[PDB]
Amino acid sequence: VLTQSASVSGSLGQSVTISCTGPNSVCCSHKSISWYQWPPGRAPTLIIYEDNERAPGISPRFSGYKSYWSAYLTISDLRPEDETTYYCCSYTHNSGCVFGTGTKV
Amino acid sequence: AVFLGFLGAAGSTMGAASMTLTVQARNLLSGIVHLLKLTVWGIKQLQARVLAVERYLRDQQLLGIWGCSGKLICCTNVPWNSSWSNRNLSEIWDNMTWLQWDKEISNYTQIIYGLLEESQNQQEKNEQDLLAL
Amino acid sequence: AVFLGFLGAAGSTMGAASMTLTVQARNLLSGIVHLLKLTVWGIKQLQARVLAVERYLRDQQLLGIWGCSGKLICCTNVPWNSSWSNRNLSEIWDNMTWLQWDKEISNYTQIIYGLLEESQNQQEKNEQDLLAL
Amino acid sequence: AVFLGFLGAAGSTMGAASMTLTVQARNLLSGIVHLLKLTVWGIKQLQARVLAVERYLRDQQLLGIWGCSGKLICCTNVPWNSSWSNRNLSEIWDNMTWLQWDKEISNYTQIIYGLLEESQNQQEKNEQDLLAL
Amino acid sequence: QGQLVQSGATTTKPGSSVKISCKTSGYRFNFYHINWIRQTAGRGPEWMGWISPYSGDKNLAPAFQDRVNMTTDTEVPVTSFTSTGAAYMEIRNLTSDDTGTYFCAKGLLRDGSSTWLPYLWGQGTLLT
Ligand SMILES: *[C@@H]1O[C@H](CO)[C@@H](O[C@@H]2O[C@H](CO)[C@@H](O[C@@H]3O[C@H](CO[C@H]4O[C@H](CO)[C@@H](O)[C@H](O[C@H]5O[C@H](CO)[C@@H](O)[C@H](O)[C@@H]5O)[C@@H]4O)[C@@H](O)[C@H](O[C@H]4O[C@H](CO)[C@@H](O)[C@H](O)[C@@H]4O)[C@@H]3O)[C@H](O)[C@H]2NC(C)=O)[C@H](O)[C@H]1NC(C)=O
Ligand SMILES: *[C@@H]1O[C@H](CO)[C@@H](O)[C@H](O)[C@H]1NC(C)=O
Ligand SMILES: *[C@@H]1O[C@H](CO)[C@@H](O)[C@H](O)[C@H]1NC(C)=O
Ligand SMILES: *[C@@H]1O[C@H](CO)[C@@H](O)[C@H](O)[C@H]1NC(C)=O
Ligand SMILES: *[C@@H]1O[C@H](CO)[C@@H](O)[C@H](O)[C@H]1NC(C)=O
Ligand SMILES: *[C@@H]1O[C@H](CO)[C@@H](O)[C@H](O)[C@H]1NC(C)=O
Ligand SMILES: *[C@@H]1O[C@H](CO)[C@@H](O)[C@H](O)[C@H]1NC(C)=O
Ligand SMILES: *[C@@H]1O[C@H](CO)[C@@H](O)[C@H](O)[C@H]1NC(C)=O
Ligand SMILES: *[C@@H]1O[C@H](CO)[C@@H](O)[C@H](O)[C@H]1NC(C)=O
């Protein structure tokens with residue numbers, strides 16, 4: 001129900017912009033959005049939570065933004081290790097984290 | 001409400017412990033510590049009395065030379081050199097306890113005490129020059 | 001002028017005594033109370049010395065946790081619950097003395113000391129949040 | 001920079017010494033002054049401990065009744081009666097030292113201590129009347 | 001720091017009920033929630049549920065409402081701020097459509113809005 005971007009690409013040095021949106025059930029202005037970098041079949045990594053707050057150690061080129069209708073994840077200055085699959089997530093303080101569809105970058 | 005008691009929030013987060021500072025502040029000089037008979041228990045109690053006021057005033061002395069006299073939460077003009085702790089605010093006040101925070105900030109506690117000291121000396125010099133007109 | 005002296009206005013009205021508070025404030029630590037010889041008079045005088053500073057600081061400690069450090073007349077944000085004393089202002093400051101007032105307010109003196117305590121803890125928390133921008 | 005040390009600017013001008021007051025303020029209670037054994041050295045050290053806090057608080061007591069609590073440079077509302085010292089500002093702060101200044105202001109040091117005392121009692125009474133509306 | 005070693009990757013057949021373990025180190029096991037996440041191949045990754053190693057309180061998705069048992073045993077004090085823990089996972093009316101890799105991840109913060117958020121993950125386990 002939380003749709004992400006189908007897919008997209010870039011190049012070393014440029015930027016990416018992943019999308020994440022949905023209906024009133026899971027989005028947005030009354031929910032928080034977290035962005036997980038998740039290589040397929042491996043230990044995931046928390047990149048950004050609370051729409052735009054980065055996790056300890058996350059590179060500053062990662063940046064989150066939330067409109068009133070769709071959350072975004074920008075990936076500036078690309079590097080080799082960026083070839084992963086990213087998943088967004090919608091949650092409140094006392095509930096679950098409904099994941100997103102997925103985005104191959 | 002809650003009211004955990006003296007040191008009751010020692011294991012709570014720094015932000016939660018930062019709401020019950022009067023709980024520890026009032027027990028820094030009282031307790032049970034009328035003539036002075038110099039028996040083994042009398043000498044023992046007298047030292048216990050002088051030791052409490054001594055340690056209490058040493059903390060109030062530093063609190064005075066920082067411009068924080070009679071304050072529980074005073075703000076300063078000394079910026080946070082990230083080499084002290086690069087941790088973010090949310091992972092400090094909603095995560096760590098004051099005990100483990102003091103454990104990692106322990107090296108720079110004497111460095112910070114100097115920056116707060118001369119910042120107050122220069123601020124009071126600035127206030128005097130501003131009231132000279 | 002007048003200058004009644006130390007406790008000179010003990011029988012005067014609360015408002016009249018409320019104009020000579022420095023007269024009592026300065027004698028709370030001085031007097032006559034240089035080596036420490038532990039004779040019967042020496043032990044007696046040493047206790048007299050430690051007892052004065054102890055009681056002096058306990059009053060300044062409460063004065064600090066109320067946000068009234070270094071004040072003789074500080075105002076608070078704790079409203080007067082009329083169950084403490086339903087007497088009116090004119091029949092309090094132009095009528096009663098501080099001695100008989102403390103005699104009737106004696107039950108609630110510990111209740112009021114708690115309301116002034118947490119009102120200062122919450123006020124300093126409010127001032128920090130206001131300076132966070 | 002400079003940093004002359006404890007009393008390092010005792011021979012410097014009053015204005016130059018008026019920039020290193022924290023240097024003396026922090027050594028008014030510390031030093032080297034854990035059980036209380038009442039030997040000849042133990043009694044000697046205990047007196048050394050009580051004497052430090054006693055003299056420290058007597059200075060903070062005067063600093064409180066003047067409205068200068070926790071201050072190194074506070075300004076007052078007591079004008080300078082030229083009979084105290086008719087010297088001009090430039091020949092005071094760029095010329096004299098604090099030692100020789102205290103030597104000539106010594107007679108009036110008790111007079112000034114009274115003017116600062118009641119000026120604070122009346123100022124706090126004024127602030128209460130202004131907050132009565 | 002913080003480590004979360006998971007159990008073995010053995011396989012069973014439909015109708016059964018397997019237990020998944022998650023052993024923690026390098027952090028106070030009681031101070032953070034323990035989340036269970038599933039990465040199926042025929043579906044998007046699903047959040048199964050979290051539990052409180054301190055308060056015992058658990059919260060799982062309605063898709064797993066009456067099918068999953070989440071349990072943790074009390075920690076073991078290693079130092080003043082370090083303890084070892086263990087979290088358990090079970091499935092009831094189990095089939096083969098629940099096949100995939102399973103992870104355990106601890107909470108993010110001890111307070112705030114993102115308290116239980118899966119922050120530090122395990123190496124995963126392959127299933128049927
Ligand atoms: C000791 O250490 C432990 C472990 O760290 C501390 O326990 C943690 O405390 C924090 C803060 O108190 C908790 O964070 C909060 O988490 C709740 C989520 O729980 C809510 O949801 C449950 C499932 O949906 C629900 O069952 C709860 O409702 C009641 O039921 C349980 C049953 O046991 C009961 O125990 C509860 O107390 C409730 O009565 C529960 O409501 C979340 O809602 C909080 O967010 C709100 O508050 C924050 C500010 O605190 C605010 O920013 C938010 O916007 C929102 O308003 C908050 O995140 C954490 O869950 C606890 N458990 C952990 C971390 O495992 C304990 O407090 C420490 N005590 C001491 C004395 O040190
Ligand atoms: C941090 O402190 C070091 C020395 O402790 C100093 O050299 C450096 O300039 C400081 N940096 C900042 C940003 O304050
Ligand atoms: C909380 O503090 C501990 C102290 O070591 C640290 O290891 C941990 O990473 C912190 N939590 C977060 C989310 O940063
Ligand atoms: C403090 O200094 C000691 C000295 O050995 C060092 O081991 C430790 O890592 C230092 N800690 C910090 C936080 O700087
Ligand atoms: C007065 O105090 C009592 C308890 O001491 C309390 O129940 C009551 O609400 C208070 N009333 C007012 C007006 O403060
Ligand atoms: C204080 O408490 C005592 C307890 O017996 C009671 O007799 C007295 O009337 C009380 N006084 C006031 C002012 O409440
Ligand atoms: C100076 O002090 C004297 C007494 O000490 C007083 O009589 C005189 O009026 C004062 N003058 C001024 C200008 O303050
Ligand atoms: C102080 O008083 C003494 C008393 O004899 C006098 O000699 C001296 O000149 C006075 N000094 C000042 C500065 O008034
Ligand atoms: C989970 O398993 C334990 C193991 O004894 C059992 O006691 C408990 O009842 C189970 N939970 C549920 C909800 O059945």
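Per chain, numbering begins at 1; letters A, B, ... match sequence-line order. Both counts, for ligands and for their atoms, begin at 1 and track the order of listing.
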Please check if a non-hydrogen protein atom sits closer than 4.0 Å to [atom].
atom                    : answer
atom 14 (O) of ligand 5 : yes
atom 11 (N) of ligand 6 : yes
atom 5 (O) of ligand 6  : no
atom 1 (C) of ligand 2  : yes

We want to know whether [X] and [Y] form a side-chain donor-acceptor pair, criterion being a heavy-atom distance below 3.5 angstrom.
X        : Y        : result
C:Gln122 : C:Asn126 : yes
D:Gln120 : D:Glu124 : yes
C:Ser90  : C:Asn88  : no

With B:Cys68 as partner, the option from B:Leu116, B:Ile73, B:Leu62, B:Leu63 fulfilling side chain to side chain contact (heavy atoms under 4.5 Å, CB included) is B:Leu63

How far is atom 9 (O) of ligand 6 from the closest protein heavy atom, and which atom is that? C:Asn107 ND2, 4.8 Å

What protein heavy atom is closest to atom 8 (C) of ligand 5, reported as residue, atom name and distance in Å? C:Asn81 ND2, 3.8 Å

Is it true that atom OH of A:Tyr65 has more than 12 heavy atoms of other residues, nucleotides or ligands lying nearer than 6.0 Å? no

Going by the order shown, which atoms of ligand 6 are within less than 4.0 Å of some heavy atom of C:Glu104? 13 (C)

Which atoms of ligand 5 have any heavy atom of C:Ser83 under 4.0 Å away? 1 (C)

Mind telling me whether C:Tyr113 and C:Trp66 have parallel, tilted or perpendicular rings, with 30° and 60° as the class edges? tilted

